[PDB]
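Structure file my_file_6.cif (mmCIF, C-alpha atoms and all ligand atoms) is printed below.
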```cif
data_structure
#
loop_
_atom_site.label_atom_id
_atom_site.label_comp_id
_atom_site.auth_asym_id
_atom_site.auth_seq_id
_atom_site.Cartn_x
_atom_site.Cartn_y
_atom_site.Cartn_z
CA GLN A 44 -13.41 -7.58 -21.41
CA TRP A 45 -10.96 -6.30 -18.86
CA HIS A 46 -11.52 -4.27 -15.69
CA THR A 47 -9.66 -0.98 -15.31
CA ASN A 48 -8.79 1.19 -12.29
CA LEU A 49 -11.63 2.74 -10.29
CA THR A 50 -9.78 6.09 -10.26
CA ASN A 51 -10.21 6.71 -14.03
CA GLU A 52 -6.53 6.15 -14.76
CA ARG A 53 -5.16 3.65 -17.26
CA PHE A 54 -2.01 3.44 -15.11
CA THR A 55 -2.21 4.18 -11.40
CA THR A 56 0.86 5.22 -9.42
CA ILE A 57 0.96 3.69 -5.94
CA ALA A 58 3.47 5.59 -3.81
CA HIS A 59 4.92 2.71 -1.82
CA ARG A 60 5.26 3.99 1.78
CA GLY A 61 4.95 7.51 0.38
CA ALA A 62 7.89 8.92 -1.62
CA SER A 63 10.10 6.38 0.08
CA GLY A 64 12.99 6.57 -2.40
CA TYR A 65 13.49 10.26 -1.51
CA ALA A 66 12.10 10.55 2.04
CA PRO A 67 11.83 8.35 5.19
CA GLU A 68 9.07 5.78 4.59
CA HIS A 69 5.68 6.17 6.32
CA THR A 70 6.22 9.78 7.48
CA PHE A 71 4.39 13.04 6.76
CA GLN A 72 7.58 14.13 4.89
CA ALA A 73 7.27 11.13 2.60
CA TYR A 74 3.51 11.26 2.08
CA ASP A 75 3.64 15.05 1.53
CA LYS A 76 6.26 14.49 -1.17
CA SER A 77 4.45 11.79 -3.13
CA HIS A 78 1.00 13.38 -2.78
CA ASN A 79 1.64 17.11 -3.12
CA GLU A 80 4.98 17.24 -5.03
CA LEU A 81 5.18 14.13 -7.20
CA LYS A 82 1.38 13.87 -7.79
CA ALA A 83 1.17 10.09 -7.23
CA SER A 84 -2.28 8.48 -7.29
CA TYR A 85 -2.12 6.52 -4.00
CA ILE A 86 -0.83 6.99 -0.50
CA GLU A 87 0.27 3.49 0.49
CA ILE A 88 0.08 2.64 4.20
CA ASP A 89 1.18 -0.40 6.21
CA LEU A 90 -0.65 -0.71 9.52
CA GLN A 91 0.88 -1.64 12.84
CA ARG A 92 -0.70 -0.99 16.26
CA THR A 93 0.47 0.48 19.58
CA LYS A 94 0.17 -0.97 23.13
CA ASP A 95 -2.88 1.20 23.74
CA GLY A 96 -4.49 0.25 20.44
CA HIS A 97 -3.70 3.08 18.01
CA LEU A 98 -3.39 2.20 14.31
CA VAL A 99 -0.05 3.55 13.01
CA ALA A 100 1.97 3.59 9.76
CA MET A 101 4.97 1.28 9.85
CA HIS A 102 6.21 -1.48 7.56
CA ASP A 103 7.84 -3.81 10.11
CA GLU A 104 6.30 -5.20 13.31
CA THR A 105 9.35 -3.75 15.11
CA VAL A 106 10.55 -0.12 15.24
CA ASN A 107 14.23 -1.11 14.80
CA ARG A 108 14.98 -0.37 11.11
CA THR A 109 13.24 2.98 10.77
CA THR A 110 13.63 4.63 14.22
CA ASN A 111 16.16 5.25 16.98
CA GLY A 112 14.19 2.73 19.07
CA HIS A 113 14.03 -1.07 19.40
CA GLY A 114 11.16 -3.46 20.01
CA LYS A 115 7.72 -4.16 18.60
CA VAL A 116 5.27 -1.34 17.86
CA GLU A 117 2.80 -3.04 20.25
CA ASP A 118 5.35 -2.61 23.08
CA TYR A 119 5.12 1.16 22.65
CA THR A 120 2.21 3.32 23.68
CA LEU A 121 1.44 6.08 21.17
CA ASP A 122 2.98 8.74 23.41
CA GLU A 123 6.19 6.71 23.76
CA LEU A 124 6.21 5.94 20.00
CA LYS A 125 5.90 9.66 19.25
CA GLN A 126 9.22 10.30 21.10
CA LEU A 127 11.08 8.28 18.46
CA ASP A 128 13.00 9.77 15.55
CA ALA A 129 11.50 8.10 12.45
CA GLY A 130 13.61 10.02 9.90
CA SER A 131 17.35 10.14 10.75
CA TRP A 132 17.83 6.48 9.75
CA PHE A 133 17.07 7.53 6.15
CA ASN A 134 19.73 10.28 6.14
CA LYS A 135 22.34 7.70 7.24
CA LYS A 136 21.24 5.05 4.75
CA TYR A 137 20.80 7.33 1.69
CA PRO A 138 23.11 10.35 2.13
CA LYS A 139 22.46 11.73 -1.40
CA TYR A 140 18.78 12.08 -0.45
CA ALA A 141 19.48 13.25 3.14
CA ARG A 142 17.72 16.30 4.58
CA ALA A 143 18.01 18.08 7.95
CA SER A 144 14.20 18.36 7.99
CA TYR A 145 13.93 14.55 8.04
CA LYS A 146 15.49 14.47 11.49
CA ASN A 147 12.91 13.78 14.16
CA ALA A 148 10.19 12.94 11.65
CA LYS A 149 7.42 11.18 13.55
CA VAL A 150 5.54 7.91 13.26
CA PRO A 151 2.07 8.99 12.05
CA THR A 152 -1.20 7.47 13.10
CA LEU A 153 -3.70 6.40 10.47
CA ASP A 154 -6.09 8.95 11.95
CA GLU A 155 -3.49 11.71 11.42
CA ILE A 156 -2.85 10.59 7.81
CA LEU A 157 -6.52 10.56 6.85
CA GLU A 158 -7.00 13.96 8.52
CA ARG A 159 -3.97 15.49 6.80
CA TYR A 160 -4.60 14.39 3.22
CA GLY A 161 -8.36 14.39 3.48
CA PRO A 162 -11.32 12.72 1.76
CA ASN A 163 -10.23 13.53 -1.80
CA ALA A 164 -6.93 11.62 -1.56
CA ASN A 165 -6.77 7.91 -2.37
CA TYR A 166 -5.39 5.38 0.10
CA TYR A 167 -3.95 1.89 -0.31
CA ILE A 168 -4.03 0.41 3.18
CA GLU A 169 -2.57 -2.91 4.32
CA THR A 170 -3.92 -5.30 6.94
CA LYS A 171 -2.35 -8.33 8.64
CA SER A 172 -3.33 -11.89 9.54
CA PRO A 173 -6.17 -11.70 11.98
CA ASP A 174 -4.11 -13.22 14.79
CA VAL A 175 -1.37 -10.57 14.96
CA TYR A 176 -3.62 -7.57 15.60
CA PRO A 177 -7.17 -8.78 16.38
CA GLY A 178 -9.74 -6.01 15.82
CA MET A 179 -7.55 -4.14 13.25
CA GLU A 180 -10.04 -4.53 10.36
CA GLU A 181 -12.93 -3.17 12.47
CA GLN A 182 -10.73 -0.32 13.72
CA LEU A 183 -9.68 0.46 10.11
CA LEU A 184 -13.20 0.54 8.72
CA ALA A 185 -14.28 2.70 11.69
CA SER A 186 -11.47 5.21 11.06
CA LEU A 187 -12.40 5.28 7.35
CA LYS A 188 -16.03 5.99 8.20
CA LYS A 189 -15.08 8.76 10.61
CA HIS A 190 -13.10 10.46 7.79
CA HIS A 191 -15.95 10.14 5.24
CA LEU A 192 -14.21 7.59 3.05
CA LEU A 193 -16.70 4.72 3.27
CA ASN A 194 -19.28 6.89 1.51
CA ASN A 195 -20.08 4.84 -1.54
CA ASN A 196 -19.31 7.65 -3.94
CA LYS A 197 -15.74 7.52 -2.58
CA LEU A 198 -15.56 3.72 -2.72
CA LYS A 199 -16.47 3.17 -6.38
CA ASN A 200 -14.03 5.93 -7.29
CA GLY A 201 -11.05 4.04 -5.89
CA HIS A 202 -10.40 6.29 -2.87
CA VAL A 203 -9.88 3.21 -0.68
CA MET A 204 -8.04 0.04 -1.62
CA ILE A 205 -7.44 -2.42 1.18
CA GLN A 206 -4.60 -4.86 0.54
CA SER A 207 -3.48 -7.99 2.40
CA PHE A 208 -1.48 -11.18 1.99
CA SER A 209 -4.10 -12.66 4.36
CA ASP A 210 -7.25 -14.19 2.79
CA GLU A 211 -8.98 -14.26 6.11
CA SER A 212 -8.42 -10.54 6.72
CA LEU A 213 -9.85 -9.69 3.30
CA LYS A 214 -12.80 -12.11 3.66
CA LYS A 215 -13.58 -10.46 7.03
CA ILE A 216 -13.71 -7.02 5.40
CA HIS A 217 -15.87 -8.37 2.54
CA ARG A 218 -18.43 -9.54 5.07
CA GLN A 219 -18.51 -6.37 7.14
CA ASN A 220 -18.60 -4.11 4.06
CA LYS A 221 -18.95 -5.63 0.57
CA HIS A 222 -18.32 -2.31 -1.12
CA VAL A 223 -14.72 -1.79 -0.10
CA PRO A 224 -12.32 -2.76 -2.94
CA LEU A 225 -9.96 -5.53 -1.86
CA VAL A 226 -6.48 -6.43 -3.14
CA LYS A 227 -4.95 -9.90 -2.62
CA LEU A 228 -1.20 -9.66 -2.16
CA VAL A 229 0.88 -12.53 -3.55
CA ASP A 230 4.36 -13.60 -2.31
CA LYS A 231 7.52 -14.16 -4.36
CA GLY A 232 7.10 -17.60 -5.99
CA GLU A 233 3.50 -17.95 -4.93
CA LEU A 234 1.50 -16.88 -8.01
CA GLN A 235 2.68 -19.97 -9.88
CA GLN A 236 1.55 -22.16 -6.97
CA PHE A 237 -2.03 -21.16 -7.74
CA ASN A 238 -4.57 -22.83 -10.10
CA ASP A 239 -7.73 -21.41 -11.72
CA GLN A 240 -10.03 -22.69 -8.93
CA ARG A 241 -7.88 -20.87 -6.36
CA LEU A 242 -7.87 -17.71 -8.52
CA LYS A 243 -11.67 -17.96 -8.80
CA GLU A 244 -12.17 -18.18 -5.04
CA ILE A 245 -9.84 -15.16 -4.56
CA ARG A 246 -11.91 -13.35 -7.22
CA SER A 247 -15.08 -13.75 -5.10
CA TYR A 248 -13.77 -11.08 -2.65
CA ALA A 249 -10.73 -9.41 -4.28
CA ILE A 250 -10.92 -7.28 -7.39
CA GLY A 251 -7.22 -6.60 -7.04
CA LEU A 252 -4.17 -8.82 -7.24
CA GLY A 253 -0.75 -7.59 -6.11
CA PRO A 254 2.01 -10.06 -7.10
CA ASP A 255 5.77 -9.69 -6.85
CA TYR A 256 6.64 -8.16 -10.25
CA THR A 257 9.35 -10.77 -10.98
CA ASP A 258 6.64 -13.48 -11.15
CA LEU A 259 4.79 -11.73 -13.98
CA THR A 260 5.09 -12.85 -17.62
CA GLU A 261 3.00 -11.56 -20.57
CA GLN A 262 1.11 -14.84 -20.67
CA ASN A 263 0.13 -14.88 -17.00
CA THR A 264 -0.68 -11.14 -16.79
CA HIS A 265 -3.10 -11.63 -19.64
CA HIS A 266 -4.59 -14.68 -17.92
CA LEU A 267 -5.15 -12.73 -14.65
CA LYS A 268 -6.74 -9.85 -16.57
CA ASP A 269 -9.07 -12.34 -18.34
CA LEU A 270 -10.12 -13.59 -14.89
CA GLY A 271 -11.28 -10.05 -14.07
CA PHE A 272 -8.36 -8.82 -11.90
CA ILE A 273 -6.88 -5.40 -11.62
CA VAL A 274 -3.13 -6.18 -11.45
CA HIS A 275 -0.73 -4.00 -9.39
CA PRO A 276 2.74 -5.62 -9.06
CA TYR A 277 5.16 -4.62 -6.27
CA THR A 278 7.93 -3.09 -5.89
CA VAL A 279 9.01 -1.77 -9.25
CA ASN A 280 11.77 0.83 -8.96
CA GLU A 281 13.56 0.55 -12.36
CA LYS A 282 12.21 2.18 -15.60
CA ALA A 283 12.92 -0.87 -17.80
CA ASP A 284 10.75 -3.12 -15.62
CA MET A 285 8.10 -0.37 -15.49
CA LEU A 286 7.79 -0.25 -19.29
CA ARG A 287 7.88 -4.04 -19.72
CA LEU A 288 5.05 -4.60 -17.20
CA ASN A 289 2.92 -1.74 -18.57
CA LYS A 290 3.15 -3.47 -21.98
CA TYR A 291 1.98 -6.74 -20.37
CA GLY A 292 -1.17 -4.78 -19.42
CA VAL A 293 -0.88 -4.24 -15.66
CA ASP A 294 -3.03 -1.41 -14.26
CA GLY A 295 -0.31 0.21 -12.15
CA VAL A 296 2.70 -0.43 -9.90
CA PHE A 297 3.76 -0.01 -6.30
CA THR A 298 6.95 2.08 -6.52
CA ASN A 299 9.51 3.91 -4.34
CA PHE A 300 10.04 6.41 -7.17
CA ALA A 301 6.69 7.86 -8.26
CA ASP A 302 8.21 10.39 -10.69
CA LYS A 303 9.95 7.55 -12.60
CA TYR A 304 6.70 5.60 -13.16
CA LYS A 305 4.81 8.71 -14.23
CA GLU A 306 7.62 9.45 -16.72
CA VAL A 307 7.27 5.90 -18.14
CA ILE A 308 3.50 6.46 -18.51
CA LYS A 309 4.44 9.59 -20.50
CA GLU A 310 7.48 8.27 -22.41
ZN ZN A 401 2.82 -2.72 1.76
#
```

Output the structure of this file as structure tokens.
Amino acid sequence: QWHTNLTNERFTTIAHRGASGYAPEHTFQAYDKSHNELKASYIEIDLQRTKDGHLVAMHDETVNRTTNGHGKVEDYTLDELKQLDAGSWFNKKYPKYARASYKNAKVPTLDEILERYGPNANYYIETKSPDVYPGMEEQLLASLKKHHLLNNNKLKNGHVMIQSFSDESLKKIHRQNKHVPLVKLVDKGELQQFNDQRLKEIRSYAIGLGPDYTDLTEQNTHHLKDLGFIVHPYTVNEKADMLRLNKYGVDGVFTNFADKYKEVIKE
């Protein structure tokens, strides 16, 4: 009596920020690698937004960690943000995985990503609390429509998952479009803070739950599955954790190493 993935996979492989173990996160280089090379199921995208309102792929609110710039994304126009090197940081930080072609990798827009990988790819897209980037949900749904991904064929086939820590962001999307699959993201320590009534009211808009993997036991995974959730823990990079959680009966993981999870599905 347990819901499975919409993709027709028993275990789905969410490429966390693209192939971010091997390539600079949230770049074409990284998304190319996990989509085309490693054959991961999802392209996972974190949304920020520029000064002039463009949705972009970046994990932090600031450009500091992953570029040769400093400051918040919203303090850059798109033109200015496109001058930044979003790849050389990765060569410094992980020299065994370094590549000369990663130098001067660019921050991609959401529009560019959806264009590049097209309507047949699957996307796992993250929104914020509604007070950090007001309008971002409406912008996101509009960009999805433009790229033929809100077509309800595409939706029931798991081509779009929208994830957030924010209830209010997800509830907003559920009102504007009840067909888009929604994934509630859970903090470290937070899953245990939540009773059945809370899990029921989450369940009224989210099919998906995305806890920190270290909060998952066999007992609680089974409980969440009995409540009708698809469970996709984050971020699982080690093969021993991958196997352990798959045996709990999760439906997939967010991972920096998509090859490793797909090997565990096999082995
Ligand atoms: Zn994320």

>> Please list as JSON, numbers by chain every residue within 8 Å of residue A:109, counting only C-alpha atoms and excluding residues in the same chain fewer than 2 positions away.
In response: {"A": [67, 68, 106, 107, 111, 129, 130, 132, 133]}

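Minimum atom-to-atom distance to ligand ZN 401 (chain A), evaluated using all atoms listed in the file, belongs to A:91 out of A:289, A:152, A:91, A:280.
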
> Between atom CA of residue A:110 and atom CA of residue A:159, what is the distance, to one decimal in Å?
Replying inline: 22.0 Å

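If only C-alpha atoms are the atoms counted, then among A:179, A:273, A:58, A:223 the closest residue to residue A:46 is A:273.
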
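Closest approach to residue A:270 among A:76, A:303, A:158, A:44: A:44, based on all atoms listed in the file.
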
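Distance check against ligand ZN 401 (chain A) using all atoms listed in the file: of A:54, A:160, A:166, A:176, the minimum falls on A:166.
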
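Across the structure, atom CA of residue A:138 and atom CA of residue A:101 are spaced 21.7 Å apart.
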
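From atom CA of residue A:233 back to atom CA of residue A:259, the distance works out to 11.1 Å.
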
> Pick the closest to ligand ZN 401 (chain A) from A:286, A:250, A:57, A:242: which is it, counting all atoms listed in the file?
Replying inline: A:57

Rows by chain and residue number, chain A within 8 Å of ligand ZN 401 (chain A), shortest pair, only C-alpha atoms and all ligand atoms, as a Markdown table:
```
| residue | atom | partner | partner_atom | distance |
| --- | --- | --- | --- | --- |
| A:59 | CA | A:ZN401 | ZN | 6.8 |
| A:60 | CA | A:ZN401 | ZN | 7.1 |
| A:87 | CA | A:ZN401 | ZN | 6.8 |
| A:88 | CA | A:ZN401 | ZN | 6.5 |
| A:89 | CA | A:ZN401 | ZN | 5.3 |
| A:102 | CA | A:ZN401 | ZN | 6.8 |
| A:168 | CA | A:ZN401 | ZN | 7.7 |
| A:169 | CA | A:ZN401 | ZN | 6.0 |
| A:206 | CA | A:ZN401 | ZN | 7.8 |
```

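Contact shell of stretch 180-184 of chain A at 8 Å (all atoms listed in the file; same-chain neighbours under 6 positions omitted): residues 98, 170, 193, 212, 215 and 216 of chain A.
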
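Look at residue A:198: the protein and nucleic acid residues within 8 Å of it, using all atoms listed in the file and passing over chain neighbours fewer than 6 places away, are residues 192, 222, 223 and 224 of chain A.
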
> For residue A:144, which of A:45, A:178, A:125, A:71 is the closest residue, counting all atoms listed in the file?
Replying inline: A:71

Report as a PDB file with C-alpha atoms, in the frame of the given file all protein, DNA and RNA residues lying within 7 Å of residue A:131, evaluated on all atoms listed in the file, omitting residues in the same chain fewer than 4 positions from it.
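Generated output (result_20.pdb):
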```pdb
ATOM      1  CA  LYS A 135      22.340   7.700   7.240  1.00  0.00           C
ATOM      2  CA  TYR A 145      13.930  14.550   8.040  1.00  0.00           C
ATOM      3  CA  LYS A 146      15.490  14.470  11.490  1.00  0.00           C
ATOM      4  CA  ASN A 147      12.910  13.780  14.160  1.00  0.00           C
TER       5      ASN A 147
END
```

>> Need to verify the contact set: residue A:292, 9 Å, all atoms listed in the file, exclusion of same-chain residues closer than 3 positions in sequence. Can you return it as a ChimeraX atom specification?
In response: /A:261,264-265,268,274,288-289,295

> Could you list as JSON, numbers by chain every residue that has an atom within 12 Å of (-14.7, -12.7, 8.4), using the file's coordinates and counting all atoms listed in the file?
Replying inline: {"A": [172, 173, 177, 178, 180, 181, 209, 210, 211, 212, 213, 214, 215, 216, 217, 218, 219, 220, 221, 248]}

Can I get stretch 94-107 of chain A with N, CA, C and O atoms filled in, as an mmCIF file, in the frame of the given file?
```
data_model
loop_
_atom_site.group_PDB
_atom_site.id
_atom_site.type_symbol
_atom_site.label_atom_id
_atom_site.label_comp_id
_atom_site.auth_asym_id
_atom_site.auth_seq_id
_atom_site.Cartn_x
_atom_site.Cartn_y
_atom_site.Cartn_z
ATOM 1 N N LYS A 94 0.568 -0.277 21.892
ATOM 2 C CA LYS A 94 0.170 -0.970 23.130
ATOM 3 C C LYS A 94 -1.249 -0.601 23.560
ATOM 4 O O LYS A 94 -2.014 -1.450 24.020
ATOM 5 N N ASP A 95 -1.574 0.676 23.408
ATOM 6 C CA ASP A 95 -2.880 1.200 23.740
ATOM 7 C C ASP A 95 -3.792 1.333 22.513
ATOM 8 O O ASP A 95 -4.763 2.085 22.531
ATOM 9 N N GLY A 96 -3.486 0.582 21.457
ATOM 10 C CA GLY A 96 -4.490 0.250 20.440
ATOM 11 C C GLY A 96 -4.620 1.195 19.264
ATOM 12 O O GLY A 96 -5.581 1.098 18.496
ATOM 13 N N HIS A 97 -3.658 2.097 19.101
ATOM 14 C CA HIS A 97 -3.700 3.080 18.010
ATOM 15 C C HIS A 97 -3.154 2.482 16.715
ATOM 16 O O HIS A 97 -2.063 1.918 16.713
ATOM 17 N N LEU A 98 -3.913 2.581 15.622
ATOM 18 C CA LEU A 98 -3.390 2.200 14.310
ATOM 19 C C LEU A 98 -2.343 3.213 13.855
ATOM 20 O O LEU A 98 -2.583 4.423 13.917
ATOM 21 N N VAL A 99 -1.171 2.705 13.457
ATOM 22 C CA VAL A 99 -0.050 3.550 13.010
ATOM 23 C C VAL A 99 0.529 3.061 11.683
ATOM 24 O O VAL A 99 0.311 1.906 11.297
ATOM 25 N N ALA A 100 1.255 3.947 10.993
ATOM 26 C CA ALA A 100 1.970 3.590 9.760
ATOM 27 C C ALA A 100 3.387 3.120 10.039
ATOM 28 O O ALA A 100 4.259 3.922 10.366
ATOM 29 N N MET A 101 3.617 1.817 9.883
ATOM 30 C CA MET A 101 4.970 1.280 9.850
ATOM 31 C C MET A 101 5.001 -0.045 9.117
ATOM 32 O O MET A 101 4.075 -0.848 9.242
ATOM 33 N N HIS A 102 6.075 -0.274 8.361
ATOM 34 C CA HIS A 102 6.210 -1.480 7.560
ATOM 35 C C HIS A 102 6.526 -2.745 8.368
ATOM 36 O O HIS A 102 5.924 -3.790 8.140
ATOM 37 N N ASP A 103 7.490 -2.657 9.285
ATOM 38 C CA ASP A 103 7.840 -3.810 10.110
ATOM 39 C C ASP A 103 7.012 -3.812 11.387
ATOM 40 O O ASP A 103 6.560 -2.757 11.849
ATOM 41 N N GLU A 104 6.868 -5.000 11.969
ATOM 42 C CA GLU A 104 6.300 -5.200 13.310
ATOM 43 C C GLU A 104 7.138 -4.591 14.424
ATOM 44 O O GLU A 104 6.610 -4.313 15.509
ATOM 45 N N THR A 105 8.433 -4.394 14.157
ATOM 46 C CA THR A 105 9.350 -3.750 15.110
ATOM 47 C C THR A 105 9.781 -2.354 14.624
ATOM 48 O O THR A 105 9.822 -2.100 13.422
ATOM 49 N N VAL A 106 10.154 -1.481 15.558
ATOM 50 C CA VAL A 106 10.550 -0.120 15.240
ATOM 51 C C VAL A 106 12.035 0.000 14.853
ATOM 52 O O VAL A 106 12.512 1.101 14.562
ATOM 53 N N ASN A 107 12.752 -1.124 14.840
ATOM 54 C CA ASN A 107 14.230 -1.110 14.800
ATOM 55 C C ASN A 107 14.844 -0.426 13.571
ATOM 56 O O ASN A 107 15.746 0.405 13.714
#
```
